[PDB]
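As a starting point, one isolated chain is supplied in structure tokens, in the form deposited in one PDB entry.
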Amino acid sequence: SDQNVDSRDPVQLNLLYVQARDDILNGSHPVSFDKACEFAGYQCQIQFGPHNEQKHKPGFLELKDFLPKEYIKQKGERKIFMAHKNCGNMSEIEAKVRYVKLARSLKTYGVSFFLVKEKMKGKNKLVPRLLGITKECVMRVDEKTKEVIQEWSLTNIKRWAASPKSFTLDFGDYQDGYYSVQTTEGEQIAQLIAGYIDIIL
């Protein structure tokens, strides 16, 4: 046994773990249902220790403490315990490390997202959509699966406009027709875009 001594600062690790966990749990860092349950599995390993079939069954958890709000009304508890099982006898520190690394490995990691509303096709009711802004692009993300559906290079943005209830993008030659969405965060979005575009030259 032994030999490999862990010299990682557990205090620093816990700080990184808590930030990552909280961003996922409160929606700041949007993740898919499958990923949320995988994270939840590590959370269980961290707070409860190795999975015990005798006690860790549905009804044992307060799902609001282990999953983003939008996934609580689903059969996630079952998926969570399978992920918990996978951890085997993994140590609490190892679990935290796996959690942070999994979070950092996601394409959505560190991305500033805004929940906006899009009006489209043959639908009268607006559709929720995650609008992400990075130093390289603007991306339209599915609010349910969290998958990227469309992406625009910042270099293709001609101009933009914000109102108290909207944000609009004009891609010039790129495409005939603006991109406009309903949001109360229009100026916050404009500011981020503005800062990122200033540097793109």
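The first residue of the sequence shown is number 1, and the count goes up from there.
FYI, the form solved in complex with a partner chain isn't displayed, but the following is about it.
Listed residues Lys165, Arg159, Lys144, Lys64 were compared with the partner chain in the deposited bound form; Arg159 is the one with a heavy atom within 4.5 Å. Heavy atoms within 4.5 Å of the partner chain in the deposited bound form map, among the stretches 165-173, 66-74, 24-32, 41-49, onto 165-173 alone. In the deposited bound form, the partner chain sits within 4.5 Å of a heavy atom belonging to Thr155. Look at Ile157, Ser112, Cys137, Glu143: the residue sitting at the hinge between this form and the one not shown, where one rigid part turns on the other, is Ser112.
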